[PDB]
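Student: quick one: initial chain(s) of a complex, as found there:
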Amino acid sequence: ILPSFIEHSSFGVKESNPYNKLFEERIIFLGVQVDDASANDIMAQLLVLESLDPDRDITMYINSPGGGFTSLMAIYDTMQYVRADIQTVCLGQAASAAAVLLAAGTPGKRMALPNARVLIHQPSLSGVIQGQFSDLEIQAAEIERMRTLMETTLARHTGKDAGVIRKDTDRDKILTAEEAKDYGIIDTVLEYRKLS
Amino acid sequence: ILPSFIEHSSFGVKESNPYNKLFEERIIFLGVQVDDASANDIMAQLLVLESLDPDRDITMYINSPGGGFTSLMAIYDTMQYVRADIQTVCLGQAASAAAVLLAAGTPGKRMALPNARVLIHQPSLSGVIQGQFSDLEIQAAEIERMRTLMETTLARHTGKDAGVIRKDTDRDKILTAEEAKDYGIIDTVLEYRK
Amino acid sequence: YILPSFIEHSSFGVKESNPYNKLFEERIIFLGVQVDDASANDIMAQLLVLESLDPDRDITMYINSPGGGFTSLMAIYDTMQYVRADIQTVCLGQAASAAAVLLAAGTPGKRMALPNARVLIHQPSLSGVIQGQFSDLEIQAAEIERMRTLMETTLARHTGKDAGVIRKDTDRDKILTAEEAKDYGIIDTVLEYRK
Amino acid sequence: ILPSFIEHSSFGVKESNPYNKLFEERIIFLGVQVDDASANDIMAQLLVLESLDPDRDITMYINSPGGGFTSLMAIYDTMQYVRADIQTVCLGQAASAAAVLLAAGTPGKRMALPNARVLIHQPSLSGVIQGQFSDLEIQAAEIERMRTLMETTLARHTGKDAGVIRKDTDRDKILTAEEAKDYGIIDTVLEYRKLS
Amino acid sequence: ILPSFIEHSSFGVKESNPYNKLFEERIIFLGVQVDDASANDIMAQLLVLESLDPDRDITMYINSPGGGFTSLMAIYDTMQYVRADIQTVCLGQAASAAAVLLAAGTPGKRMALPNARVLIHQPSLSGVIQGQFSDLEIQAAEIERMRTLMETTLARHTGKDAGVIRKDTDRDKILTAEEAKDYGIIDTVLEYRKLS
Amino acid sequence: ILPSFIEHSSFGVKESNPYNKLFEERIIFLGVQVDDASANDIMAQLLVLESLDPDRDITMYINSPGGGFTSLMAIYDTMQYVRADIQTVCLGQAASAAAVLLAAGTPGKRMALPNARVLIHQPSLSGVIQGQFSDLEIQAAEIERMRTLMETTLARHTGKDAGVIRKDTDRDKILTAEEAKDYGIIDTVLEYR
Amino acid sequence: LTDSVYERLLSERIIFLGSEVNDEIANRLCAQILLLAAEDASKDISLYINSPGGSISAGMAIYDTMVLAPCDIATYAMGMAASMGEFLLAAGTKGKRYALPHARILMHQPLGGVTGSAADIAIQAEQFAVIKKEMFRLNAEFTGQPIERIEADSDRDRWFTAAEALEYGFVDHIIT
Amino acid sequence: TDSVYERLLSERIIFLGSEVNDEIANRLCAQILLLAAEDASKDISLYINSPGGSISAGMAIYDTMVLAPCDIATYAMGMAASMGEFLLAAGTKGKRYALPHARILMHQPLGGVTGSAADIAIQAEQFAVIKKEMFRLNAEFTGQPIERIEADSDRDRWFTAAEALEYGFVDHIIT
């Protein structure tokens, strides 16, 4: 269940809920699996915040186990194309595709809470895709192009060269928020700003 | 989830959501599978935007695995009947039927973001259709007619001959955004404006 | 979700509507699903309200449909012809089986199709199996033929063909391109793209 | 199955329902299983209440069987990052991840109703996860890091040495409200404030 | 389809439904099975009714087959903590957990309608719970603690010794409203107030 | 699909639907199966209507196949507790628990339409309940008390002796609207206007 | 084949109750006792029991056929004899009721179900009270205990080790 | 097929190859009974490749092994776990073998609780009894302390053929 709250100024009373309020401060939440729905909803949010005001930053919170591959590159391309800066923040976890999106934040504005974990691995296929060998040879070729595209774009945003990414994502690689800064996925680890 | 936001003017306070805002700016989103419903939804969107202002352009964003064939050709005939120009944009993927619709935008206004992929393959049938052979001969004939229409209408818009299309789609053909422009499916690859 | 709403504004007030309410506002009915008992009543109610709001102006039925049941056809059909208002039919994409009969039942001169639409004609099928004593199936089999010959004579009435011909074209499915549907007598004009 | 009610002042008539009202008083309710949805819903709530007023307290009612782990640490990092203090209350039950959340409340502000029970055990995996040994070797390493992290943050808030926690969480440990105070999971057991 | 109705006063026209009107007069309905959803919804309503006014009584209509245990004790501890007195009224039935609540209403305001029945039994576990013996021995120990917490709180509220409850609940014990009064579960059996 | 309508006065315009208007005239509809949900909805409806005005009649329309036993008796005891008289009308059928409600309306205000049917049978259990004999011996006794409570409270409103109800409910007993009046379940069979 | 071993043992006058006691194992089992008494009516029949319980109707078929056979029936509790297994082991010929040393015996009261109309259930429930009384009486004859203790111990499952079972009266000897 | 195992019974060899349930257990006790009747002085060789199974079923086999006149040789092939480890260790002393790469698993019993609070109490009473009795018995077979059986068994303890020989599950390893 998810409450609504009510805010007020001399102009009028506004009823809104926790996710609209975050959006009102140019904050998008990426917290489900990046599937095709998820991707369209997030581009539409990005594009809208670009239209409402292109000179203020957009921030993306990430608690996501990853998602599809064409879905990733849509979100990725929208993030770079938009004029506004993008702050990416990982709470808890950013894995697989989601890990690439954390690193694809604009430099200096990629951060993660201290107990976040970041996982990186190369595209997998949970299903089986069936066909004449002619057809599987084609998909098999594209699956490899998709893999190297994940590895070169990670190299662009982390500073590791592509050849290490491939050694590193051969088997899954979990990194703690601190390990994730040394690797180059994020730029800062958020300190608990609490008095206690 | 998908939040809504609130806009304000000297006229009034307006609450809308991201897809309403996109439609307000003449953007139709085709980002699911093209089935009979989705297709009727898009035609209604096309015809409504043609009604509000036929001298202004409509934009169709495309992140779609494609869809049925008669569904494609409804959406396609509607795009070409409307007076208003149609700009198409491939954001993630435009495959099968959707790649035809990307190519069918009005010339010069077909584009793709840099890492988008385009897939072109000929009509398939994942199901099975069964009947007396006399029944299957008729359907098998129309599947051939439908195949050759995709190949001739892709050609009208890419500038290739239908025989080239028919061989490129014999087996699936995946294309990068730049290769989609070379092929003639789109006109430009959008550069990051940041 | 998949279908946005838009806002129109005038000196009178601000109106929020969506693509099918705007279309209903212009006397356009959309028949784009499978005709079942639900679809049919939803469509009769729409036809009758539009006849009440103004009986001297045309109604448009957009059609993109794979067909449906028989008594739902004959209900929708009967309403189209009872209403005083003229009925303009437009086929986008497809009008098959029962849907092709209603495309043809629009008022003459005002039945049209977009150029890449396909129109399908076949005789009633029953995908289920209905069971009983031979005496009951003899009755059911009897009505099933009445349905076929009724589909065949009303198709004949609007196309100008003879029912003995209708009955031959429908022994096996007959797919017609927009142009072939004009020659057959099902639509009157094929819209040319006005870009 | 849940009424709505109507409040009134010289300013206007307000319709709200029981959880909205509770949100109005800065109370967040964590009473379902902590899954990924739940977790985003609760960070969103924590952050908004921190935005509306960072100097006024946040209260989290907890009647929960626990939930996933990356979802645990997200809520935990938010609890500790927000500037407002957080008072935690265990009604009925706080188990697994939820028992760590009870303890991470800002000190002095952890309570439990008298017949609340608090359960603590080490991360378990109810499914099966499959692969090459090289892959399972990696998951088993992270599953062990997950256990020691639950044990050192529990140690951080309870004051126990983490080596004691690890022995106690080897098998399930049920604690009554009072046993939880002695253990160091809460600070106070609410007295019934009823005149009757 | 549950009708809605409209009330009117010199101040404004109000549309509400039967459960809202019942809530407006501080009557909470507990008429489903007590699961965690239900329990939070009822604990929230109790806490809300105490905020609008703690010097007014709250009434809990009960026609419920009972439910889980930690949900019972969540609800129980709230009912006792709240300052407001509580009227419990059984329509139809109060079984297992539901009957502890009927008895725990504040003294003198526990009642039942005449053909209402009250059922009392010791906690049962319909599932099967599995593990190494070491774990079941733990589970088993808590199930008995739970059993005796039910025997002791019922005794507090019926005036019986727990050792009698434990005998009466060995096998199920159905009580008519009058027999429930004699037992000490309620205070009065409502008489029909009809002018016919 | 169930339409909504618009009624109008000098005060304002009201939109409601056919069950709200029926509730507005103190008519409660009992037209589903009596399960625990259904029972709670009707008790709130009955109690609310008594709060809006205790000196006016409540009518219960009944076309219901019956329902649970503790949900019958909650409804019944509420009906009898409320100060307002309750008029019961059987529209289609009132079977099992539902015929007990038809008969429990206030004397003189129990009716049925002419083609309504009333079914009376003794409690059945469609499920199976399993257990030790000691536990089945207890349930079996509560089930027998339930049977006899149905037989005696029916006996209270029909004027038949409880012993006949028990002879008559041994096997189902279906009644027409007229036959329901002679048995004593309804007081009048509505004449078509 | 498993059945080839069970026949090689039938020639030696050994039969097994190795499963739940339902009608099928009960019929095969009464038949094995009729055969073995027709072949030779003076030699013993050994009934090994490793059984969890089962139907009383099927189980009273086995019991009567044991007692009416001309020859004696020695019973062996292997590993486990519970509920009707316990009854049939203890109903063995007095003096020839054996327990293997690490077998367990379970004793409890009937389990069952009720369904249907209020009158039908009344009938189901009379038979329950009868059936419950007849089994305790029989177990009280077998074990030597007062009916009052059988009823008290059987309310809920009472487990015995082979040694405890001998003190209680379910068996006469522990094999070694 | 089925006849390979029957030819092997002629040679006084029997297999425990599946989970130990009432069905394998009963056929196995019958087989040991027959083999003691045919010849009450020649060994019975019991090969074990079993993941484990029911104690009550397993205690039938154990009781029948011990009381049988002849000795019971036990050979652990590949894997002898849970009751497999118990029945392997329970073989006649001096005649308990493990093939070189077999593994032995020892751990504590598993089950469920269900029913009323009072029925579960009864269930848990037997859990303790069963566990204390199965531990005393493993300690006799291995010679280890009750202290160490209970502690090692709390969660699964795997032994390779050699580790098992030092621990006391077997007396030899074949070559």
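Tutor: All right, it came through fine. Residues are numbered from 1 along each chain as shown, chains lettered A, B, ... in the order given.

Student: I would like the residues contacting stretch A:170-179, please.
Tutor: For stretch A:170-179, contacts defined as CB atoms under 8 Å, 6 or more residues apart in numbering or on different chains pick out A:90, A:112-122, A:183, A:185-186, A:189, D:134-135, D:138, D:142. Where you see a C-beta, it was placed from the backbone N, CA and C, and this is true even at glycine.

Student: again, only using 6 Å
Tutor: A:112, A:114, A:116-121, A:183, A:189, D:134, D:138, D:142 (CB atoms under 6 Å, 6 or more residues apart in numbering or on different chains).

Student: are any of those residues buried, and which?
Tutor: A:112, A:114, A:116-121, A:183, A:189, D:138 (16 or more other CB atoms under 10 Å in any protein chain shown).

Student: of those residues, which is the nearest to residue A:94?
Tutor: Nearest to residue A:94 out of the buried ones among the contacts of stretch A:170-179 is residue A:118 (CB to CB; 5.4 Å).

Student: on that earlier part again, mind checking which of the buried ones among the contacts of stretch A:170-179 are in helices?
Tutor: Counting by DSSP state H, the buried ones among the contacts of stretch A:170-179 place A:183, D:138 in helices.

Student: residues of chain G that sit close to chain F?
Tutor: For chain G, the residues in contact with chain F (CB under 6 Å from any CB of the partner chain) are G:109-111, G:113-115, G:117-118, G:121-122, G:125, G:128, G:132.

Student: for chain G, longest helix please?
Tutor: Longest helix in chain G, counting by DSSP H: helix G:118-143.

Student: quick one: buried residues of that helix?
Tutor: For helix G:118-143, burial by neighbour count (16+ other CB under 10 Å) applies to G:118-119, G:121, G:124-125, G:128, G:131-132, G:135-136, G:138-140, G:142-143.

Student: does that helix come close to chain E?
Tutor: No: applying CB under 6 Å from any CB, one finds helix G:118-143 out of contact with chain E, separated by at least 14.0 Å.

Student: then chain I, please:
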Amino acid sequence: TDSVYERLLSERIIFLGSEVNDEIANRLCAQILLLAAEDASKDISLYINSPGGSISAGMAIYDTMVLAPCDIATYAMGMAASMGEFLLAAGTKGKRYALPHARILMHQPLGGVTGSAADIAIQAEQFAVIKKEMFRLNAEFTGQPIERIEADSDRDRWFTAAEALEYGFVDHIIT
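Tutor: Chain I added:
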């Protein structure tokens, strides 16, 4: 159909024709026990057309092959993969054959983890022991260094009959 496998069993031919489970492994170890009792100097031929299966089942079969007095010829028919490659390569040195169009696959073990974080750690401890021992044994059989085995086996590595001879899995290719 099983009438052929019996007619061939008399000629000292046995098949591992499916997935390796306790059941196929046990019928197979029993078949080798019988065949060494009938004659302990004539070889046994084990033809292998197998995709793999349980490591525990395969160690019963593997240990039983080795203790046999007589030799075990292994023949790769069509495909011998994973645990099938292990049993082909465990055949007596000099008497491991590959048919000309057979295929051999080598890879590392697979499995699952489940349970508490303490139970999973134990599971993983055995994962490593098992992984090191199976590579050591592949290393002995093929003549390769342990380092290359662990390396090639990281993911499936396919060999044709010809490459299998170079690597050391077999000794001959039948013609």
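
Student: now with chain I: the contacts of stretch A:170-179?
Tutor: A:112, A:114, A:116-121, A:183, A:189, D:134, D:138, D:142.

Student: out of those, which touch chain I?
Tutor: Within the contacts of stretch A:170-179, nothing lies near chain I by CB under 6 Å from any CB.

Student: just the closest residue of chain A to chain E, please.
Tutor: residue A:1 (8.1 Å; CB to the nearest CB).

Student: can you count the residues close to that residue?
Tutor: Look at residue A:1: counted by other CB atoms under 10 Å in any protein chain shown, it has 16 neighbours.

Student: once you drop chain neighbours, what's closest to it?
Tutor: residue D:19 (5.8 Å; CB to CB, 6 or more residues apart in numbering or on different chains).

Student: report the closest residue of chain G relative to chain E.
Tutor: Counting by CB to the nearest CB, chain G gets nearest chain E through residue G:155, at 8.7 Å.

Student: which strands or helices does the longest helix of chain G pack on?
Tutor: Packing partners of helix G:118-143 (3 or more CB pairs under 6 Å, 6 or more residues apart in numbering or on different chains; DSSP states H and E): helix F:133-158, helix G:147-154.

Student: go through stretch A:135-152 and flag the buried ones.
Tutor: Neighbour-count burial for stretch A:135-152 [16+ other CB under 10 Å]: A:138, A:143, A:146-147, A:149-151.

Student: swap that for stretch A:123-133, please
Tutor: Applying 16+ other CB under 10 Å to stretch A:123-133 flags residue A:123 as buried.

Student: show residues contacting it.
Tutor: So stretch A:123-133 is contacted by A:69, A:146-147 (CB under 6 Å, 6+ apart).

Student: distance from that stretch to the middle of the chain?
Tutor: Relative to the centre of its chain, stretch A:123-133 is centred 25 Å away, using CA atoms, centre = their mean, to the nearest Å.

Student: cool, stretch A:69-87 as well?
Tutor: Worked out by CA atoms, centre = their mean, stretch A:69-87 lies 9 Å from the chain centre.

Student: what of stretch A:126-146?
Tutor: 26 Å.

Student: one more, chain J:
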Amino acid sequence: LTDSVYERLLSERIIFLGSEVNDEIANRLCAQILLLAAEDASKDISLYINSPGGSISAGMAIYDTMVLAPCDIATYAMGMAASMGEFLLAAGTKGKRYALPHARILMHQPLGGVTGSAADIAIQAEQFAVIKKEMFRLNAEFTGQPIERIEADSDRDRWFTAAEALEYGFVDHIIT
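Tutor: Below, chain J sits with the chains from the block before:
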């Protein structure tokens, strides 16, 4: 009994490939060819084929067992011999490959699946390429056609009537 005719036919040195080609049928058939070679290594074995196809791995157990056998293997296509059945027909002993007159031959390229990671799929794909090269080479040997035509015809299913199959080289004779 259906297997009673197949065993009496085994004495006549007739064996059937009548189902889809899986490890189970391949293992029985490799067994049978070994037996028939043991009984007599100079009389032919006749292999009737009415098969839709099946696993290449299982087909290569069969194919190698055919080739290495001492005696000849005659193959007959009755009804339909497709895919791996087509390969095994054409792999018969030269001169001893028959098609019955209304049998049909289907030849097409391999099918399979991909699953796993991006690195795991790369390996699967390597084997696709080898296997397809290695299978076209062997069909090209049997039939005498060029690799270049085998590959081109095999892209999508190519059907042969008994006669067309003889001009192509799958068989050597048509029986009458």
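
Student: once more on what packs on helix G:118-143, this time with chain J?
Tutor: helix F:133-158, helix G:147-154.

Student: gap between it and the chain center?
Tutor: 17 Å.

Student: show me which residues of chain A are close to chain J?
Tutor: Residues of chain A lying near chain J (CB under 6 Å from any CB): A:122-125, A:128-130, A:132-133, A:136-137, A:140, A:143-144, A:147.

Student: go again using 10 Å as the cut-off
Tutor: A:69, A:121-141, A:143-148, A:150-151, A:166, A:169-172 (CB under 10 Å from any CB of the partner chain).

Student: the residue lying closest to residue A:45 once chain neighbours are set aside bridge partners, please.
Tutor: Computed as CB to CB, 6+ apart, the closest residue to residue A:45 that is not its neighbour in sequence is residue A:28, at 4.8 Å. Taking DSSP bridges, one finds residue A:60 as the beta-bridge partners of residue A:28.

Student: what sits against residue A:28?
Tutor: A:19, A:22, A:41-42, A:44-46, A:48-49, A:58-62, A:86, B:1, B:3 (CB atoms under 10 Å, 6 or more residues apart in numbering or on different chains).

Student: ok, for the closest residue to chain C within chain A, nearest residue in space, not its chain neighbours?
Tutor: Among the residues of chain A, residue A:37 lies nearest to chain C; the distance is 9.0 Å by CB to the nearest CB. In space, and not counting its chain neighbours, residue A:37 is closest to residue B:32: 7.5 Å by CB to CB, 6+ apart.

Student: wait, residue G:50 touches residue G:77, no?
Tutor: Yes: counting by CB atoms under 10 Å, residue G:50 touches residue G:77, with 8.1 Å between them.

Student: what sits in contact with each of these two?
Tutor: With CB under 10 Å, 6+ apart, residue G:50 and residue G:77 have common neighbours G:85, G:100, G:103, H:60, H:63.

Student: check those and tell me the two furthest apart.
Tutor: G:85 and H:63 (15.2 Å).

Student: middle-most residue in the chain, spatially?
Tutor: With no chain named, the answer covers chain A. The residue lying closest to the centre of chain A (CA atoms, centre = their mean) is residue A:101, at 3.1 Å.

Student: switch to chain G, that's the one I care about
Tutor: residue G:88 (1.6 Å).
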